[PDB]
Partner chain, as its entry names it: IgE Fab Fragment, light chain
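The data below hold one chain only, encoded as structure tokens and taken in the form deposited without its partner chain.
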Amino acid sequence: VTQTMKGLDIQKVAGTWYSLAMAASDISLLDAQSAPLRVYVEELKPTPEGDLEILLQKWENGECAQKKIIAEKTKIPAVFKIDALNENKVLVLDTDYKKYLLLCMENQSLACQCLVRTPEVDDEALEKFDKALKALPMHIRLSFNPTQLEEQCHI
């Protein structure tokens, strides 16, 4: 992953998002509802201390569970660290704050999402996502329709 957002204003990513598309380096990271990186972003909550709280939905044990994870700020503004078994980095590739945000989670092993502010298919944003991923070795890509985007876990 050699694409970060220059000048990222993390405060400006706050609020509602929709996981419009996801991709990952390994099919098994996204293939099933229960797959480990099949997570649906609900809301980004930057903290005063500049960390990024992520609210998301994950299908776990047959139910659509709300989750909250804190990605801790690093010296690089577009890079955040999740404390888990592996060293797990969240990268903001690109965002206009108002329509779309591209972000990846890595560690090598990678998942990236195209987040949008509305439950609409944003071709422009999907173009920027496909662009960024041409640079990356992805073997599964999913996308969701507006009906799915208004449902718990995109059912």
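Residue numbers count along the first chain shown, from 1.
Another form exists, deposited with its partner chain bound; not displayed. Remarks below refer to it.
The closest non-hydrogen atom of residue 128 lies beyond 4.5 Å of its partner chain in the deposited complex. Contact check for residue 152: a non-hydrogen atom falls within 4.5 Å of its partner chain in the deposited complex. Put simply, residue 47 is far from its partner chain in the deposited complex: not one heavy atom of it is within 4.5 Å.
Contact annotation: residue 124 falls outside 4.5 Å of its partner chain in the deposited complex, judged by heavy atom distances. Using a 4.5 Å cut-off on any heavy atom, the residues of 43-70 that reach its partner chain in the deposited complex are, in sequence order, 43, 45, 53, 55, 57, 63, 64, 65, 66, 68.
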